[PDB]
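Protein chains in written order, with the authors' numbering: chain B, 1 to 81, 84 to 103; chain A, 4 to 68; chain E, 3 to 80, 86 to 101; chain D, 4 to 68; chain C, 22 to 181; chain F, 23 to 180. From the three backbone atoms N, C-alpha and C, an ideal C-beta is built for every residue, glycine too. For reference, the structure discussed in these notes is given below.
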Amino acid sequence: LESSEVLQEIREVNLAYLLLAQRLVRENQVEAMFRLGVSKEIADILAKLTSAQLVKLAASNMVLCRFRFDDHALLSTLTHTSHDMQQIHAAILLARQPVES
Amino acid sequence: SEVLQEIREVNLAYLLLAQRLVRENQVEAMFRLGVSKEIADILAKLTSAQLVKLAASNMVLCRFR
Amino acid sequence: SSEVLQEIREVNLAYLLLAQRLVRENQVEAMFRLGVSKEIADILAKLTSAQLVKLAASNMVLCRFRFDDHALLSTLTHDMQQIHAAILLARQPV
Amino acid sequence: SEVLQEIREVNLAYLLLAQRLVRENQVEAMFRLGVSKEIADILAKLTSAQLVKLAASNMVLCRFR
Amino acid sequence: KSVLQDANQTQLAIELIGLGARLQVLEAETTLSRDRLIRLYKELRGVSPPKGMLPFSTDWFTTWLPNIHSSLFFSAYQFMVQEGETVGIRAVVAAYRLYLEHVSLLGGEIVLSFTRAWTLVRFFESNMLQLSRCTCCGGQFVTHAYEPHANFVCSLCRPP
Amino acid sequence: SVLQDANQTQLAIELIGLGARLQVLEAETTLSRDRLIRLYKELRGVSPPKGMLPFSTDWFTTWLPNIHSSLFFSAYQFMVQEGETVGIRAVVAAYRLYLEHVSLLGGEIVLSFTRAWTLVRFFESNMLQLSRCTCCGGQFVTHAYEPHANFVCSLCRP
Ligand SMILES: [Zn+2]
Ligand SMILES: [Zn+2]
Numbered sequence: 001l002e003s004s005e006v007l008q009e010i011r012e013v014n015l016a017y018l019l020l021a022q023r024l025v026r027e028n029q030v031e032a033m034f035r036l037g038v039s040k041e042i043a044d045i046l047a048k049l050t051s052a053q054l055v056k057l058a059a060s061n062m063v064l065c066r067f068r069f070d071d072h073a074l075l076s077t078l079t080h081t084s085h086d087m088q089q090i091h092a093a094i095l096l097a098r099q100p101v102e103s
Numbered sequence: 004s005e006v007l008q009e010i011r012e013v014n015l016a017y018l019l020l021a022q023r024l025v026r027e028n029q030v031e032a033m034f035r036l037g038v039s040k041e042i043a044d045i046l047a048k049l050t051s052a053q054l055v056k057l058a059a060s061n062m063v064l065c066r067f068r
Numbered sequence: 003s004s005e006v007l008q009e010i011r012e013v014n015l016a017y018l019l020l021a022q023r024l025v026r027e028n029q030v031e032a033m034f035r036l037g038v039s040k041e042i043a044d045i046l047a048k049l050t051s052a053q054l055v056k057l058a059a060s061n062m063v064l065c066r067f068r069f070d071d072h073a074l075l076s077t078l079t080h086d087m088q089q090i091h092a093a094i095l096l097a098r099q100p101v
Numbered sequence: 004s005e006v007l008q009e010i011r012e013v014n015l016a017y018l019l020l021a022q023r024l025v026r027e028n029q030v031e032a033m034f035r036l037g038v039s040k041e042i043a044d045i046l047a048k049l050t051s052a053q054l055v056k057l058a059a060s061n062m063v064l065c066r067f068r
Numbered sequence: 022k023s024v025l026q027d028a029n030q031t032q033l034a035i036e037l038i039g040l041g042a043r044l045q046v047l048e049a050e051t052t053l054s055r056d057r058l059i060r061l062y063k064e065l066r067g068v069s070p071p072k073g074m075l076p077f078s079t080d081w082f083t084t085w086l087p088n089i090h091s092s093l094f095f096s097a098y099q100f101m102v103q104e105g106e107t108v109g110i111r112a113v114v115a116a117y118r119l120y121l122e123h124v125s126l127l128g129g130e131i132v133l134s135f136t137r138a139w140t141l142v143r144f145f146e147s148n149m150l151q152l153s154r155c156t157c158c159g160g161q162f163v164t165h166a167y168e169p170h171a172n173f174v175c176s177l178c179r180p181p
Numbered sequence: 023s024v025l026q027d028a029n030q031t032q033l034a035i036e037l038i039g040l041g042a043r044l045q046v047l048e049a050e051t052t053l054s055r056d057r058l059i060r061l062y063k064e065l066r067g068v069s070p071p072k073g074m075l076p077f078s079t080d081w082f083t084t085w086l087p088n089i090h091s092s093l094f095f096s097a098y099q100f101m102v103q104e105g106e107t108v109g110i111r112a113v114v115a116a117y118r119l120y121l122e123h124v125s126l127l128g129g130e131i132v133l134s135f136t137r138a139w140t141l142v143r144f145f146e147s148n149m150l151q152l153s154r155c156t157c158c159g160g161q162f163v164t165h166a167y168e169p170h171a172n173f174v175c176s177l178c179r180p
């Protein structure tokens, strides 16, 4: 059923990700790879995208990103109403998660 | 700290969109988002406070094709 | 109308993306290339993603040409023509 | 030198767009582009080689309100 | 005796002082004289170095709250060497920068001093501390040397 | 002061990287004359060029250099006037942009950093002038006390 307003939110999210990804890689390549969980090869691609390249990729009408959590058992315990270190806890797991090449 | 603020904003942006997608049409959103049903069910049942606390990290919460 | 608004909206965004990239990289150097005041350049660095999209699809050309003298422009586009244009634009006010 | 390419490409995009606008409807393009008739006439009569050599600068060829 | 070599070492020395490195960490990772660092530290920060000796104790890094910060910090350091292709003190610093980055969100005080962070790396480099994978969540935390796995549960999955 | 020494040595490397001559370093840094030579010998393969500071205005009115100098200065002028950065910092940031512009034309670097730094000190001492072109309107360099109302830039009429 998705179209009209929904497609507007999809294209906006894709752009915001790419803008952050380039801002992260440009400031520091290695630090960016850590946050995005992405290989050195891809980071070179994201930083090297020009303004016109971004417009094309941004408004693809498709969900460019995929979720970084695939274990429902982990997600429920991570986001549960008890120690509140859930924010720190998620960082340790996502750090060991492999990059994408 | 501006870098952190944008990271926190993008995470919440993704979570809000995935949540709306799953809530409107789960069978199709799981396909569009490439996510399992059990995760799709978790996303739908997340409160606004949970989405903030989940998004408030120094790491980007979604990868890329 | 119709298709033209896609090219207008695309160009408006593409300019804004360049302005932020230049200002974030170096404020003073960006002001020089964009010929824009310190106040405006500072604004561009702080603009968020959604804020840019709104201005992009305004159906109006947000940017304006930096040449208003046809006599200079015509002579400009006829081998140092590239160098000459830089000296003129540098003195142009913000 | 990558910064030069983004500057050259945006410039060429503006010139290509302004040329396409003026060529379709000069009276109507002058409104949206905020340009005089004399400049619009020059923009229409520019070749692709002229537009490139004009756009190949280290400065952005259009400002902003 | 290279002038450039001296410029880089002094450059590195200021970086560590900004992160709160103790005197000993400076002597280890720079070729600068012990006396020159004191003038540098006195120039950077108001007073002279704390004169306290290096901790080198593993009991601290197994307390639950420090274990969290260290197991978190190391996961960044591990990534820096494994996939970041950056090793040495540079890798140690870049990980601490992210650790500090993550601290701001929680709002708590920085529990891992840069010296303790640098101490942790020398502990792992010297095979005195080990990484155990959590049976429940799967995240790898720091534990004592030669402690057995297959029965491990992390501090986050099961606090005291 | 050790910090005072660290920044000056770091600045010296920047200038050596830009091709500054020995004297330019001595003027804008607190390092010893001999230390610069050891530093210059470490960065670049050879010792300093041993050539003395140029300081002559006949060069900057020559057909090709007048172009490059008038372009470089118009960038420099923006750095001080509206860029809110003055001093040796202003000189370097302008030269970086000048070099940037060379890449497009593809020609050889006609204005060395030393001549660029010399040009700025010439203006600081009111020995060189900026005349606005009657035809194009861009401001180029001319001799001190040169008359206007008959000025035409090198580009409008070679
Ligand atoms: Zn666990
Ligand atoms: Zn002229």
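Query raised in the report: Name the residues in the region 19 to 35 of chain B whose C-beta lies less than 9 Å from a C-beta of chain C; which are they?
Result: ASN28, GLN29, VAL30, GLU31, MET33, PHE34, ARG35
Query raised in the report: Is any heavy atom of ligand 3 found at a distance shorter than 7 Å from the C-beta of E/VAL6?
Result: Looking for ligand 3 in the displayed structure turns up nothing; the ligands present are ligand 1 and ligand 2.
Report task. Check whether the Cβ of F/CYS158 sits closer than 7 Å to any heavy atom of ligand 2, and report yes or no. Result -> The residue labelled residue 158 of chain F in the question sits at position 136 within the sixth sequence. Flag set: Cβ of F/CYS158 near ligand 2.
Requested in this report: Kindly say whether A/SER60, judged by its beta-carbon, lies nearer than 8 Å to any beta-carbon of chain C.
Outcome: Taking the second sequence and counting its residues from 1, the one referred to as residue 60 of chain A is at position 57. Chain C contact via Cβ: present.
Query raised in the report: When you check each C-beta in the region 46 to 72 of chain E against every C-beta of chain F, which residues fall closer than 9 Å?
Result: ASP71
Requested in this report: Return the first residue and the last residue of the beta strand (DSSP E) that C/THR136 is part of.
Outcome: In the fifth sequence, the residue the question calls residue 136 of chain C occupies position 115. It is not in any beta strand (DSSP E) - C/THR136 instead sits in the alpha helix (DSSP H) that spans 135 to 146.
Query raised in the report: What is the DSSP secondary structure of D/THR50, counted as helix, strand or coil?
Result: Here residue 50 of chain D refers to the residue found at position 47 when the fourth sequence is read from its first residue. It is coil, neither helix nor strand.
Query raised in the report: Exposed or buried, E/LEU7, counting other C-beta atoms within 10 Å across all chains shown (16 or more means buried)?
Result: Translated into positions along the third sequence, residue 7 of chain E becomes position 5. Exposed.
Report task. Could you give the DSSP three-state label for C/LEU75: helix, strand or coil? Result -> In the fifth sequence, counting from the first residue as 1, residue 75 of chain C sits at position 54. Reduced to three states, the DSSP call for C/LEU75 is coil.
Query raised in the report: From the DSSP output, which residues share a beta bridge with F/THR84?
Result: The residue labelled residue 84 of chain F in the question sits at position 62 within the sixth sequence. BP columns for F/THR84 are empty, so no partner.
Query raised in the report: How about E/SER76: is its C-beta nearer than 8 Å to some C-beta of chain D?
Result: By one-based count along the third sequence, residue 76 of chain E stands at place 74. Interface residue, yes.
Requested in this report: Can you pull the chain F residues whose beta carbon is under 9 Å from the beta carbon of D/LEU7, in chain order?
Outcome: Translated into positions along the fourth sequence, residue 7 of chain D becomes position 4. The answer, in chain order, is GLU122, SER125, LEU126.
Requested in this report: Please decide whether C/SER92 counts as near chain B, where near means a Cβ-Cβ distance under 8 Å.
Outcome: Here residue 92 of chain C corresponds to residue number 71 of the fifth sequence, with the count starting at 1. Yes, contact with chain B.
Query - Neighbour-count burial assignment, F/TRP139, 16 or more Cβ in a 10 Å radius - result: Reading the sixth sequence from its first residue, position 117 is the one you call residue 139 of chain F. With 16 or more Cβ atoms within 10 Å of its Cβ, F/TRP139 is classed as buried.
Query raised in the report: Is E/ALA16 close to chain B, meaning its C-beta is less than 8 Å from at least one C-beta of that chain?
Result: Indexing the third sequence from 1 puts residue 16 of chain E at position 14. So yes, E/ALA16 belongs to the interface.
Query - Chain-order list of residues whose beta-carbon lies under 6 Å from that of C/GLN151 (same chain, five-residue window excluded) - result: Here the question's residue 151 of chain C lines up with position 130 in the fifth sequence. Counting only Cβ-Cβ distances below 6 Å, and skipping sequence neighbours, we find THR164, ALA166.
Report task. With 8 Å as the threshold, decide whether the Cβ of A/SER39 is near any Cβ in chain B. Result -> The sequence position of residue 39 of chain A within the second sequence is 36, counting from 1. True, the Cβ-Cβ gap to chain B drops below 8 Å.
Query raised in the report: Taking DSSP as the reference, what is the three-state secondary structure of D/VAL55?
Result: Position 52 of the fourth sequence, counting from 1, holds the residue named residue 55 of chain D. Reduced to three states, the DSSP call for D/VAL55 is helix.
Requested in this report: Report yes or no: is there a C-beta of chain A within less than 8 Å of the C-beta of C/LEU119?
Outcome: Looking up residue 119 of chain C in the fifth sequence gives position 98. Yes, contact with chain A.
Report task. Taking only the alpha-carbon atoms, compute the straight-line gap between residue 110 of chain B and A/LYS48 and give it to the nearest angstrom. Result -> Lying outside 1 to 103, the shown extent of chain B, residue 110 of chain B is not represented and no answer is given.
Query raised in the report: Is the number of C-beta pairs between the region 23 to 32 of chain C and the region 57 to 67 of chain F that are closer than 8 Å three or more?
Result: yes
Report task. Under the assumption that C/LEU93 contacts B/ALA93 (Cβ atoms under 8 Å), give the Cβ distance between them as a whole number of angstroms. Result -> One-based indexing of the fifth sequence puts residue 93 of chain C at position 72. One-based indexing of the first sequence puts residue 93 of chain B at position 91. Their Cβ separation, rounded to whole angstroms, is 6 Å, which keeps C/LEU93 and B/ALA93 in contact under 8 Å.
Query raised in the report: Under three-state DSSP, which class holds D/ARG66?
Result: Reading the fourth sequence from its first residue, position 63 is the one you call residue 66 of chain D. Three-state result, D/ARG66: strand.
Query raised in the report: Residues bridged to residue 83 of chain B by DSSP?
Result: For residue 83 of chain B, no position is available: the coordinates of chain B end at 81 and pick up again at 84.
Query raised in the report: Expressed to the nearest angstrom, what Euclidean distance is found between the alpha-carbon atoms of F/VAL108 and B/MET62?
Result: For the purposes of this step, residue 108 of chain F is taken as residue 86 along the sixth sequence, with counting starting at 1. For the purposes of this step, residue 62 of chain B is taken as residue 62 along the first sequence, with counting starting at 1. Straight-line Cα distance between these residues: approximately 49 Å.
Requested in this report: Assign F/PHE77 to one of two classes, buried (16 or more other C-beta atoms within 10 Å of its C-beta) or exposed (fewer than that).
Outcome: Along the sixth sequence, one-based indexing puts residue 77 of chain F at 55. When all chains shown are included, F/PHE77 counts as exposed.
Report task. Would you please state the rounded distance, in angstroms, between the beta carbons of A/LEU24 and A/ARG11? I believe it to be under 8 Å. Result -> Translated into the one-based positions of the second sequence, residue 24 of chain A becomes position 21. Translated into the one-based positions of the second sequence, residue 11 of chain A becomes position 8. 21 Å between Cβ atoms; not a contact.
**Report entry** Straight-line gap, B/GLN89 to B/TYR17 (C-alpha atoms, nearest Å)
**Finding:** Position 87 of the first sequence holds residue 89 of chain B. Position 17 of the first sequence holds residue 17 of chain B. Cα to Cα, the separation comes out at about 21 Å.
Report task. May I ask which residues mark the beginning and end of the alpha helix (DSSP H) holding F/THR31? Result -> Reading the sixth sequence from its first residue, position 9 is the one you call residue 31 of chain F. First-last of the alpha helix (DSSP H) with F/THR31: 24 to 39.
Report task. Show which residues of chain D have a CB atom less than 9 Å away from the CB atom of E/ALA92. Result -> Here residue 92 of chain E refers to the residue found at position 85 of the third sequence. Near E/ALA92 (Cβ distances below 9 Å), the residues of chain D are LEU57, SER60, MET62, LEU64.
Report task. Decide if C/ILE89 is buried, meaning its Cβ has at least 16 other Cβ atoms within 10 Å, or exposed. Result -> Taking the first residue of the fifth sequence as 1, we reach residue 89 of chain C at position 68. That one is buried.
Report task. With a threshold of 7 Å, establish whether the CB of C/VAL163 neighbours any heavy atom of ligand 1. Result -> Your numbering for residue 163 of chain C matches position 142 in the fifth sequence. Answer for C/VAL163: no, Cβ out of range of ligand 1.
Query raised in the report: Hey, does C/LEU177 have any beta-carbon neighbour from chain B nearer than 8 Å?
Result: Indexing the fifth sequence from 1 puts residue 177 of chain C at position 156. Yes - at least one Cβ of chain B is within 8 Å of the one on C/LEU177.
Report task. Use the C-beta contact count for B/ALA32: other C-beta atoms within 10 angstroms, 16 or more gives buried, fewer gives exposed. Result -> As a working note, residue 32 of chain B is residue 32 in the first sequence. The residue in question, B/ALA32, is buried, as its Cβ has 16 or more Cβ neighbours within 10 Å.
Requested in this report: Please indicate yes or no: does the CB of C/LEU177 lie closer than 7 Å to some heavy atom of ligand 1?
Outcome: Within the fifth sequence, residue 177 of chain C is the residue found at index 156, counting from 1. Because some heavy atom of ligand 1 lies under 7 Å away, the Cβ of C/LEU177 counts as near it: yes.
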